[PDB]
Amino acid sequence: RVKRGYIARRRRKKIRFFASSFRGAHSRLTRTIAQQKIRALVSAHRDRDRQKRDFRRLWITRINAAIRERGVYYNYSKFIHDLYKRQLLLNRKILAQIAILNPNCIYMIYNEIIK
Amino acid sequence: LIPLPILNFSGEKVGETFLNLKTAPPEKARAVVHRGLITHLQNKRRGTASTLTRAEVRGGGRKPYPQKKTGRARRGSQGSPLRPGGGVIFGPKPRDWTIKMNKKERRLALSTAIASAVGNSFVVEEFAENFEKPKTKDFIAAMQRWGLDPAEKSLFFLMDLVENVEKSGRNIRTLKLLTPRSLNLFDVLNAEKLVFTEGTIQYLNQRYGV
Amino acid sequence: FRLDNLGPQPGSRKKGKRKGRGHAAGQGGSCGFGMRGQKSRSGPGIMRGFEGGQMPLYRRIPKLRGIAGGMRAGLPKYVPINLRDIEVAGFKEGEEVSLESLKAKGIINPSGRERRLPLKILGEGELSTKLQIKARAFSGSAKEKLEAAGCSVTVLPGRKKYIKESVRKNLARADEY
Amino acid sequence: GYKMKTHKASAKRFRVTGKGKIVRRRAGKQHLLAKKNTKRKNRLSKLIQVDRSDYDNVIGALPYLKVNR
RNA sequence: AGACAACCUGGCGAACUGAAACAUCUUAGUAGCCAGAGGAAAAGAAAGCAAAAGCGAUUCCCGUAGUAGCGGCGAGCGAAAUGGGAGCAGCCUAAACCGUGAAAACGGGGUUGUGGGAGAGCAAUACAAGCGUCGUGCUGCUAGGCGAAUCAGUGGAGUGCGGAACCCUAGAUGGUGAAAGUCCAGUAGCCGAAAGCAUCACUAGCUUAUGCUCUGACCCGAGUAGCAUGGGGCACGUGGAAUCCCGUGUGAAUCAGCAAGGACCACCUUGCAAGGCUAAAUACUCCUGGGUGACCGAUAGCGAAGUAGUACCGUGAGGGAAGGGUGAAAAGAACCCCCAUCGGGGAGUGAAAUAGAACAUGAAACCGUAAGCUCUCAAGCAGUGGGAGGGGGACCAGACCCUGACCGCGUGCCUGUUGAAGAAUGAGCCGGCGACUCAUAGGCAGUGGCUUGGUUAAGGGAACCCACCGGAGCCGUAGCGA
RNA sequence: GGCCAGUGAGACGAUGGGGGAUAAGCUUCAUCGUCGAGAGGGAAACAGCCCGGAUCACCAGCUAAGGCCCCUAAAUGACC
RNA sequence: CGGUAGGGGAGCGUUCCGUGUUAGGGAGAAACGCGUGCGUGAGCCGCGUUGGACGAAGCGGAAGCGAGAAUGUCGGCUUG
């Protein structure tokens with residue numbers, strides 16, 4: 001009742017096709033194709049949570065570098081002082097996006113934070 | 001309950017011949033007749049399959065190379081099952097089992113199969129055969145006139161097994177004759193079209209009453 | 001029902017769990033036997049009743065009494081039949097009660113000993129319908145029930161023991177009124 | 001085929017009592033009896049239930065005797 | 001005489017193992033070795049079981065029953081009787097007695113059991129059955145024979161598909177360029193043996209042979225039974241140890257008796273040891289002839305699909321491989337060129353020549369060649385998130401795929417540990433083979449079938465399965481106590 | 001209670017002690033926390049220390065422990 | 001709604017079998033390779049100037065049923 005099969009080769013060929021552009025025996029050699037599928041997926045996990053964290057960090061330092069161009073000592077903390085006292089609910093650090101896509105509009109943002 | 005017409009070579013609607021069987025209860029029927037079927041064609045099986053274990057092949061019963069001082073595994077047999085030269089693990093022994101199924105569960109499986117056979121226009125009904133010169137042309141001609149295709153896999157059974165219908169019926173593939181000596185469930189649950197005679201409908205009501 | 005549309009009910013046939021076919025299946029790897037020990041190794045393993053070198057459960061307990069002596073164990077010598085087996089039966093007012101009546105009625109189904117233990121009628125339950133019993137001996141309370149019902153009661157002498165002619169002579173000498 | 005064999009070394013020690021519970025004879029009786037008390041010698045003279053641990057151990061080591069639980 | 005796979009009988013006869021050590025025990029009277037013999041062998045016709053009721057040789061199956069027991073009462077070992085089936089078959093011989101011979105023999109008689117036989121006397125004749133070179137008889141087998149019913153179109157070929165007809169006592173199978181009731185070999189059915197073998201039925205013929213009355217004399221298997229010992233084996237390990245068989249030594253009785261009924265004695269019941277022979281049911285396959293297969297498909301299935309127990313290894317006993325598939329048909333490449341061949345390219349065959357003899361589908365590791373992007377100030381389990389620059393086709397032109405300037409982050413996988421990136425283990429890589437399976441039981445759970453309690457086993461069955469029998473047994477109905 | 005598993009080598013940290021030399025990431029106990037079987041953040045890295053308990057997605061916001069010169073997110077913030 | 005040893009529930013796949021001389025298939029089946037598709041995933045479905053005859057689904061059953069490990073093992077091919 002012999003049971004020679006082919007399902008390991010489709011099982012294995014799917015993982016073989018996912019492991020393209022892995023520079024060498026991480027892209028050809030099955031017994032490393034498995035663990036590069038595995039380590040590639042957990043790399044996708046931690047780099048996804050830390051792409052949320054990392055783009056948060058990037059917008060913080062980008063709008064900090066935008067506000068510090070005034071010359072007078074107005075930090076990023078004081079922009080949030082007078083960004084929540086003057087009631088602006090949650091611009092979500094997308095003013096770090098229109099701070100470079102619309103620099104006159106972020107000058108209107110900050111020049112209305114002053115008043 | 002529900003009646004059925006008694007046909008002949010002419011084809012009138014004479015007589016009633018009620019079919020009152022011992023049915024299975026609802027929601028319980030297809031598991032019972034599925035169980036009697038799966039032990040019918042499970043019990044039809046046979047052993048017929050063998051393989052040689054480690055204790056049977058003509059491979060060596062020797063230590064091929066000693067236990068240490070060689071960088072290679074501890075392989076102590078050439079007919080070892082890890083080596084494809086012979087010897088298997090846990091293969092099929094030729095097994096001639098006994099799957100017993102209850103009597104009054106199997107009788108109720110037959111009664112549920114024949115009970116579900118009638119009612120949905122799958123049963124027409126004959127009563128007699130007298131075939132001098134058995135020649136399979138009046139057989140397939142009466143088969144056509146009764147409303148049954150020869151290719152649609154019908155089944156039908158007769159009392160006393162007269163020889164001239166066994167002789168004129170055993171060559172068409174789609175049907176095979178039966179008898180209360182040889183009434184199984186798997187051959188009758190093909191259930192496309194199936195006929196009775198008056199001795200089989202009154203023998204069939206005689207046995208599986210109320 | 002066709003050959004196509006048959007299927008078993010759910011819960012009737014579970015799938016047999018296969019062991020060592022993946023850790024997502026449930027019993028992969030060590031197949032559900034921990035890490036090491038006699039429970040994981042292949043073979044007969046452990047005798048059931050063995051305490052690991054400790055003197056076992058059964059050895060520390062003294063033997064049951066007649067089984068300690070090798071004396072023959074207590075054994076039923078009759079068929080115990082209550083009157084509750086007789087009222088619930090379909091025995092009507094005119095009916096004999098014997099071995100073949102209680103076998104052929106559906107009360108007793110004796111198979112292993114048709115030859116040794118005849119019958120006995122016991123006391124619990126009532127018997128209002130009078131009968132004609134020719135069976136073996138009775139208890140005192142069942143004799144009070146059956147004679148309290150006004151039914152024909154007859155004890156049946158089963159077998160006669162062989163008494164030696166000097167023992168039958170010594171016992172026949174004892175007839176001194 | 002192969003019937004299971006009743007373990008005789010525990011069949012002589014354990015017993016079913018109609019309702020279906022294992023009973024047993026208490027130990028320490030056929031040895032050094034003057035040294036004990038009569039209170040002990042009729043405390044150790046009765047048959048009692050076996051506790052649930054060794055009521056479920058020997059229930060599979062003595063298969064043919066009809067014990068529930 | 002020698003050979004013979006397995007089963008069978010007889011003799012020698014272990015040990016690893018289990019008992020969590022081990023010696024009693026188990027494994028085990030198994031394996032192995034020798035001898036013998038047949039399709040079966042052994043056993044087998046009561047000096048038997050049983051229990052006051054009864055059966056009637058042996059063997060085998062279901063059951064009692066994992067019960068009674070046995071056992072460092074440990075591990076374990078484990079009947080038998082009652083009951084139900086398969087199959088049935090019973091016969092020769094010694095002695096007492098007559099006759100011949102110095103015994104030893106021979107010829108008649110007799111071989112049985114709620115006793116016969118011998119001796120003496122009276123009757124009486126034929127019913128039935130057994131054995132068998134010999135040849136007419138029957139069927140079967142070892143060769144075979146007749147044997148129904150269609151064409152045409154389709155991309156190589158049609159049996160497939162679509163259109164028109166038929167056979168069927170035949171639609172089982174195998175093949176035919178491709179899958180077939182109608183093409184072939186066949187099949188269903190009807191037939192057929194000079195010769196041999198087998199099956200039961202004839203036959204010249206040999207045989208079995210009968211009943212009563214009296215008679216305790218005469219007989220009914222002697223170095224035997226029994227006993228003292230030493231044991232073996234019956235499930236029973238020397239235990240109260242019976243039955244059965246042997247070693248040494250002692251050593252009976254004939255029916256008014258002897259043996260058994262689990263030490264033994266008394267009574268009763270049962271049978272007649274010390275003489276042999278028998279078919280059947282029964283176990284197996286080196287095989288043979290049919291039919292099958294939820295058996296395999298070239299690492300599988302026999303070790304073996306070719307030289308297979310072969311090449312090869314060993315002095316020898318012995319060990320022991322591997323290598324299948326061009327096409328439908330070799331139609332296997334005429335001829336020309338390179339050229340010493342091997343090989344290659346045209347041409348030709350073919351449906352296919354990228355089907356070319358290393359020849360059928362040809363995957364991965366491995367070796368390459370071509371195209372796009374990109375690396376020579378760079379530290380990295382080789383990824384991933386973001387994505388500079390560039391390339392490709394595009395249609396939902398914002399999308400998709402490929403390359404990757406640079407930045408952040410990320411201690412291979414398994415095993416197995418308190419703790420493994422670990423400088424603990426394992427793996428060169430790729431592809432296959434490769435592990436909680438099977439039988440029979442106990443227990444529980446889930447789904448059923450009957451609750452006029454349930455259910456059959458063995459066995460019988462249109463070859464198997466199966467309808468339907470087959471109530472034997474099992475379980476639950478009553479417990480307590482040794 | 002029924003059926004049915006593993007586990008019975010623990011480790012460190014605080015307190016209570018014994019052995020030691022109040023020496024050991026030492027040994028043995030008693031209560032507790034973590035790891036084992038726990039990811040993330042802080043601890044430069046780093047099982048057991050602090051915050052904290054990961055179903056998953058978001059190029060969302062507010063915080064605990066801890067930090068706000070640069071590498072590296074946020075104060076070269078204010079006053080003693 | 002983290003999870004090791006472990007326990008339970010629900011499913012995918014493979015070859016064979018019933019339906020099955022099934023639907024479909026030299027107008028290209030299985031294979032092998034492919035995806036801007038769908039799933040929690042095992043996987044399904046679809047496309048192939050490769051290949052050439054078998055064989056789905058559904059409703060069910062049975063396993064020599066699923067591979068990355070055994071100094072496994074058998075062939076092929078590397079490194080040096």
# chains A, B, ... in the order shown; residues from 1 in each chain; ligands from 1
>>> residues_around(residues="residue G:67", least_positions_apart="3", cutoff="10 Å", atoms="only C-alpha atoms (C1' of nucleotides)", output="list in words")
residues 8 of chain A; 21 and 22 of chain C; 434 of chain E
>>> write_last_selection(atoms="N, CA and C atoms (P, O5', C5', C4', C3', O3' and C1' of nucleotides)", output="PDB file, in the first residue's frame")
ATOM      1  N   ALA A   8       5.201  17.316  -0.899  1.00  0.00           N
ATOM      2  CA  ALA A   8       6.342  18.012  -0.319  1.00  0.00           C
ATOM      3  C   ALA A   8       6.984  18.968  -1.315  1.00  0.00           C
TER       4      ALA A   8
ATOM      5  N   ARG C  21       3.026  14.021  13.863  1.00  0.00           N
ATOM      6  CA  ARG C  21       2.794  14.510  12.510  1.00  0.00           C
ATOM      7  C   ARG C  21       2.811  16.031  12.442  1.00  0.00           C
ATOM      8  N   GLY C  22       3.265  16.688  13.493  1.00  0.00           N
ATOM      9  CA  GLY C  22       3.335  18.137  13.530  1.00  0.00           C
ATOM     10  C   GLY C  22       2.884  18.649  14.881  1.00  0.00           C
TER      11      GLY C  22
ATOM     12  P     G E 434       8.337   4.755   3.499  1.00  0.00           P
ATOM     13  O5'   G E 434       9.264   5.058   4.759  1.00  0.00           O
ATOM     14  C5'   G E 434       9.805   4.005   5.541  1.00  0.00           C
ATOM     15  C4'   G E 434      10.665   4.533   6.661  1.00  0.00           C
ATOM     16  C3'   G E 434       9.995   5.507   7.611  1.00  0.00           C
ATOM     17  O3'   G E 434       9.140   4.882   8.548  1.00  0.00           O
ATOM     18  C1'   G E 434      12.099   6.357   7.005  1.00  0.00           C
TER      19        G E 434
END
>>> interface_residues(of="chain F", to="chain A", cutoff="9 Å", atoms="only C-alpha atoms (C1' of nucleotides)", output="VMD selection string")
chain F and resid 58 to 61 73 to 75
>>> write_last_selection(atoms="C-alpha atoms (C1' of nucleotides)", output="PDB file, in the first residue's frame")
ATOM      1  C1'   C F  58      -3.383  51.731  11.075  1.00  0.00           C
ATOM      2  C1'   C F  59       2.567  56.162   7.537  1.00  0.00           C
ATOM      3  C1'   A F  60      -3.253  56.880  14.610  1.00  0.00           C
ATOM      4  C1'   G F  61      -3.176  59.691  19.893  1.00  0.00           C
ATOM      5  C1'   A F  73      13.163  60.602  20.032  1.00  0.00           C
ATOM      6  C1'   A F  74      12.186  64.620  23.339  1.00  0.00           C
ATOM      7  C1'   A F  75      14.469  71.294  27.419  1.00  0.00           C
TER       8        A F  75
END
>>> closest_atom_pairs(of="chain C", to="chain G", cutoff="9 Å", atoms="only C-alpha atoms (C1' of nucleotides)", output="tab-separated table")
residue	atom	partner	partner_atom	distance
C:2	CA	G:19	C1'	8.4
C:3	CA	G:19	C1'	5.7
C:4	CA	G:59	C1'	5.2
C:5	CA	G:59	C1'	4.9
C:6	CA	G:59	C1'	6.3
C:7	CA	G:60	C1'	6.0
C:8	CA	G:60	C1'	8.2
C:21	CA	G:66	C1'	7.3
C:27	CA	G:6	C1'	8.7
C:32	CA	G:6	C1'	6.7
C:33	CA	G:6	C1'	8.4
C:34	CA	G:5	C1'	5.7
C:35	CA	G:5	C1'	7.7
>>> interface_residues(of="chain C", to="chain E", cutoff="8 Å", atoms="only C-alpha atoms (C1' of nucleotides)", output="tab-separated table (two decimals) with C-alpha atoms, in the first residue's frame")
chain	number	residue	atom	x	y	z
C	9	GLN	CA	-24.18	11.90	12.04
C	10	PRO	CA	-21.61	14.21	13.68
C	11	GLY	CA	-20.10	12.72	16.81
C	12	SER	CA	-20.66	9.15	15.59
C	13	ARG	CA	-17.13	8.64	14.21
C	19	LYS	CA	0.94	11.18	16.73
C	31	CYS	CA	3.90	12.18	20.68
C	53	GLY	CA	10.24	-0.87	43.92
C	64	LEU	CA	-9.41	-12.80	51.67
C	65	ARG	CA	-10.32	-15.54	54.06
C	66	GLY	CA	-11.58	-18.60	52.20
C	67	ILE	CA	-9.44	-17.52	49.27
C	71	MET	CA	-11.46	-23.07	50.42
C	80	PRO	CA	-33.30	-16.27	43.51
C	108	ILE	CA	-35.23	-16.15	34.11
C	111	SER	CA	-27.50	-20.39	30.57
C	112	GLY	CA	-24.33	-21.24	32.49
C	115	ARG	CA	-28.29	-28.43	35.47
C	160	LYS	CA	-31.74	-38.28	46.67
C	161	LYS	CA	-28.28	-38.63	48.17
C	162	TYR	CA	-26.58	-42.02	48.41
C	164	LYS	CA	-24.33	-46.06	53.00
C	165	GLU	CA	-26.22	-49.08	54.37
>>> closest_atom_pairs(of="chain E", to="chain A", cutoff="8 Å", atoms="only C-alpha atoms (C1' of nucleotides)", output="Markdown table")
| residue | atom | partner | partner_atom | distance |
| --- | --- | --- | --- | --- |
| E:295 | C1' | A:1 | CA | 6.3 |
| E:296 | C1' | A:2 | CA | 7.0 |
| E:300 | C1' | A:2 | CA | 6.9 |
| E:365 | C1' | A:29 | CA | 7.8 |
| E:382 | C1' | A:23 | CA | 7.1 |
| E:383 | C1' | A:40 | CA | 5.8 |
| E:384 | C1' | A:43 | CA | 4.8 |
| E:385 | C1' | A:47 | CA | 5.0 |
| E:408 | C1' | A:54 | CA | 7.7 |
| E:409 | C1' | A:47 | CA | 7.0 |
| E:410 | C1' | A:43 | CA | 7.0 |
| E:412 | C1' | A:35 | CA | 7.6 |
| E:413 | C1' | A:35 | CA | 6.7 |
| E:429 | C1' | A:29 | CA | 7.8 |
>>> write_last_selection(atoms="C-alpha atoms (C1' of nucleotides)", output="PDB file, in the first residue's frame")
ATOM      1  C1'   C E 295      -1.904  -5.356  -2.803  1.00  0.00           C
ATOM      2  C1'   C E 296       3.056  -3.174  -5.387  1.00  0.00           C
ATOM      3  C1'   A E 300       8.092  -0.957  -4.358  1.00  0.00           C
ATOM      4  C1'   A E 365      20.889  20.046  -5.874  1.00  0.00           C
ATOM      5  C1'   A E 382      22.919  38.476   4.603  1.00  0.00           C
ATOM      6  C1'   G E 383      16.788  39.577   6.009  1.00  0.00           C
ATOM      7  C1'   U E 384      12.951  43.183   6.809  1.00  0.00           C
ATOM      8  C1'   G E 385      10.501  48.436   7.115  1.00  0.00           C
ATOM      9  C1'   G E 408      16.896  51.947  11.805  1.00  0.00           C
ATOM     10  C1'   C E 409      16.238  46.890  13.671  1.00  0.00           C
ATOM     11  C1'   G E 410      17.287  41.794  13.846  1.00  0.00           C
ATOM     12  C1'   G E 412      20.680  30.218  12.189  1.00  0.00           C
ATOM     13  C1'   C E 413      17.049  25.595  12.925  1.00  0.00           C
ATOM     14  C1'   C E 429      23.647  19.509  -0.458  1.00  0.00           C
TER      15        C E 429
END
>>> select_by_dssp(residues="chain D", states="alpha helix (DSSP H)", output="ChimeraX atom specification")
/D:8-11,38-43,53-56
>>> closest_atom_pairs(of="chain D", to="chain E", cutoff="8 Å", atoms="only C-alpha atoms (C1' of nucleotides)", output="CSV")
residue,atom,partner,partner_atom,distance
D:1,CA,E:440,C1',4.2
D:2,CA,E:440,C1',4.8
D:3,CA,E:441,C1',4.7
D:4,CA,E:441,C1',5.5
D:5,CA,E:66,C1',5.2
D:6,CA,E:66,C1',6.2
D:9,CA,E:73,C1',7.1
D:18,CA,E:479,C1',7.1
D:60,CA,E:443,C1',7.0
D:63,CA,E:442,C1',5.0
D:64,CA,E:442,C1',6.9
>>> write_last_selection(atoms="N, CA, C and O atoms", output="PDB file, in the first residue's frame")
ATOM      1  N   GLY D   1      -8.996 -14.593  20.517  1.00  0.00           N
ATOM      2  CA  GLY D   1      -7.582 -14.274  20.588  1.00  0.00           C
ATOM      3  C   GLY D   1      -7.037 -14.296  22.002  1.00  0.00           C
ATOM      4  O   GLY D   1      -7.345 -15.196  22.781  1.00  0.00           O
ATOM      5  N   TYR D   2      -6.221 -13.299  22.332  1.00  0.00           N
ATOM      6  CA  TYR D   2      -5.636 -13.185  23.662  1.00  0.00           C
ATOM      7  C   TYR D   2      -6.641 -12.546  24.612  1.00  0.00           C
ATOM      8  O   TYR D   2      -6.933 -11.352  24.505  1.00  0.00           O
ATOM      9  N   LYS D   3      -7.164 -13.329  25.547  1.00  0.00           N
ATOM     10  CA  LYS D   3      -7.933 -12.760  26.640  1.00  0.00           C
ATOM     11  C   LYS D   3      -6.991 -12.153  27.671  1.00  0.00           C
ATOM     12  O   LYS D   3      -5.871 -12.629  27.873  1.00  0.00           O
ATOM     13  N   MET D   4      -7.447 -11.085  28.319  1.00  0.00           N
ATOM     14  CA  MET D   4      -6.714 -10.563  29.460  1.00  0.00           C
ATOM     15  C   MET D   4      -6.824 -11.526  30.633  1.00  0.00           C
ATOM     16  O   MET D   4      -7.866 -12.141  30.864  1.00  0.00           O
ATOM     17  N   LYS D   5      -5.736 -11.653  31.381  1.00  0.00           N
ATOM     18  CA  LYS D   5      -5.678 -12.561  32.514  1.00  0.00           C
ATOM     19  C   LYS D   5      -5.945 -11.797  33.801  1.00  0.00           C
ATOM     20  O   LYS D   5      -5.375 -10.724  34.021  1.00  0.00           O
ATOM     21  N   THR D   6      -6.823 -12.349  34.634  1.00  0.00           N
ATOM     22  CA  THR D   6      -7.094 -11.768  35.940  1.00  0.00           C
ATOM     23  C   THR D   6      -5.879 -11.929  36.835  1.00  0.00           C
ATOM     24  O   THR D   6      -5.366 -13.038  37.010  1.00  0.00           O
ATOM     25  N   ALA D   9      -2.819 -12.267  42.251  1.00  0.00           N
ATOM     26  CA  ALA D   9      -2.254 -11.776  43.502  1.00  0.00           C
ATOM     27  C   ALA D   9      -3.062 -10.632  44.100  1.00  0.00           C
ATOM     28  O   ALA D   9      -2.874 -10.310  45.275  1.00  0.00           O
ATOM     29  N   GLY D  18     -21.616  -5.869  45.431  1.00  0.00           N
ATOM     30  CA  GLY D  18     -22.977  -5.670  44.964  1.00  0.00           C
ATOM     31  C   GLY D  18     -23.257  -4.316  44.347  1.00  0.00           C
ATOM     32  O   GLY D  18     -23.659  -4.233  43.182  1.00  0.00           O
ATOM     33  N   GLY D  60      -7.914  -1.473  36.610  1.00  0.00           N
ATOM     34  CA  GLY D  60      -7.515  -1.903  35.288  1.00  0.00           C
ATOM     35  C   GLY D  60      -6.552  -3.064  35.376  1.00  0.00           C
ATOM     36  O   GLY D  60      -6.259  -3.724  34.376  1.00  0.00           O
ATOM     37  N   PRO D  63      -9.503  -6.878  35.625  1.00  0.00           N
ATOM     38  CA  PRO D  63     -10.531  -6.361  34.707  1.00  0.00           C
ATOM     39  C   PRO D  63     -11.910  -6.993  34.823  1.00  0.00           C
ATOM     40  O   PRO D  63     -12.916  -6.308  34.597  1.00  0.00           O
ATOM     41  N   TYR D  64     -11.995  -8.272  35.168  1.00  0.00           N
ATOM     42  CA  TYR D  64     -13.264  -9.007  35.092  1.00  0.00           C
ATOM     43  C   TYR D  64     -13.952  -9.094  36.454  1.00  0.00           C
ATOM     44  O   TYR D  64     -14.132 -10.190  36.991  1.00  0.00           O
TER      45      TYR D  64
END
>>> residues_around(residues="stretch 133-143 of chain C", least_positions_apart="4", cutoff="9 Å", atoms="only C-alpha atoms (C1' of nucleotides)", output="list in words")
residues 78, 82, 83, 95, 96, 97, 98, 99, 118, 119, 120, 121, 122, 123, 124, 147, 148, 151, 152, 153, 154, 155, 156, 157 and 158 of chain C
>>> closest_atom_pairs(of="chain G", to="chain A", cutoff="8 Å", atoms="only C-alpha atoms (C1' of nucleotides)", output="CSV")
residue,atom,partner,partner_atom,distance
G:13,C1',A:7,CA,7.8
G:14,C1',A:5,CA,6.9
G:15,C1',A:3,CA,6.2
G:63,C1',A:1,CA,7.9
G:64,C1',A:2,CA,5.3
G:65,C1',A:3,CA,7.4
G:66,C1',A:7,CA,7.7
G:68,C1',A:31,CA,6.2
>>> interface_residues(of="chain D", to="chain C", cutoff="8 Å", atoms="only C-alpha atoms", output="list in words")
residues 9, 10, 12, 13, 14, 24, 25, 26, 27, 54, 57, 58, 60 and 61 of chain D
>>> closest_residue(among="B:120, B:192, B:197, B:173", to="residue B:160", atoms="only C-alpha atoms")
B:197
>>> interface_residues(of="chain D", to="chain F", cutoff="10 Å", atoms="only C-alpha atoms (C1' of nucleotides)", output="ChimeraX atom specification")
/D:52,68-69
>>> interface_residues(of="chain B", to="chain A", cutoff="8 Å", atoms="only C-alpha atoms", output="list in words")
residues 49, 91 and 92 of chain B
>>> write_last_selection(atoms="C-alpha atoms", output="CSV table (one decimal), in the first residue's frame")
chain,number,residue,atom,x,y,z
B,49,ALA,CA,-2.3,-7.3,1.1
B,91,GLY,CA,2.7,-2.4,7.1
B,92,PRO,CA,-0.5,-4.2,6.2
>>> interface_residues(of="chain B", to="chain C", cutoff="6 Å", atoms="only C-alpha atoms", output="MDAnalysis selection string")
chainID B and resid 30:31 34 189:191
>>> write_last_selection(atoms="N, CA, C and O atoms", output="JSON list (two decimals), in the first residue's frame")
[["chain", "number", "residue", "atom", "x", "y", "z"],
["B", 30, "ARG", "N", -30.43, 8.06, 7.77],
["B", 30, "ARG", "CA", -29.26, 7.95, 6.91],
["B", 30, "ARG", "C", -28.01, 7.51, 7.67],
["B", 30, "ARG", "O", -27.07, 7.01, 7.04],
["B", 31, "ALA", "N", -27.98, 7.66, 8.99],
["B", 31, "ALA", "CA", -26.88, 7.10, 9.76],
["B", 31, "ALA", "C", -27.04, 5.60, 9.95],
["B", 31, "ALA", "O", -26.04, 4.87, 10.00],
["B", 34, "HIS", "N", -26.63, 4.20, 6.37],
["B", 34, "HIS", "CA", -25.22, 4.42, 6.07],
["B", 34, "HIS", "C", -24.34, 3.45, 6.85],
["B", 34, "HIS", "O", -23.29, 3.02, 6.36],
["B", 189, "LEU", "N", -29.69, -0.42, -3.18],
["B", 189, "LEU", "CA", -29.69, 0.99, -2.84],
["B", 189, "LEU", "C", -29.08, 1.83, -3.96],
["B", 189, "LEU", "O", -28.85, 3.03, -3.78],
["B", 190, "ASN", "N", -28.84, 1.22, -5.12],
["B", 190, "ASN", "CA", -28.64, 2.01, -6.33],
["B", 190, "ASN", "C", -29.87, 2.86, -6.63],
["B", 190, "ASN", "O", -29.75, 4.00, -7.10],
["B", 191, "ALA", "N", -31.07, 2.29, -6.40],
["B", 191, "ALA", "CA", -32.31, 3.01, -6.11],
["B", 191, "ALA", "C", -32.77, 3.92, -7.25],
["B", 191, "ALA", "O", -33.50, 4.89, -7.03]]
>>> closest_atom_pairs(of="chain G", to="chain B", cutoff="7 Å", atoms="only C-alpha atoms (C1' of nucleotides)", output="tab-separated table")
residue	atom	partner	partner_atom	distance
G:64	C1'	B:91	CA	4.9
G:71	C1'	B:73	CA	5.3
G:72	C1'	B:82	CA	7.0
G:73	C1'	B:83	CA	4.6
G:74	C1'	B:84	CA	6.2
>>> interface_residues(of="chain B", to="chain E", cutoff="7 Å", atoms="only C-alpha atoms (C1' of nucleotides)", output="PyMOL selection string")
chain B and resi 32+43-44+48-50+58+82+84+90+102+104-105+136+167+171-173+180-184
>>> residues_around(residues="stretch 232-240 of chain E", least_positions_apart="2", cutoff="10 Å", atoms="only C-alpha atoms (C1' of nucleotides)", output="VMD selection string")
chain E and resid 24 to 25 69 to 71 77 to 80 242 to 246 262 to 263
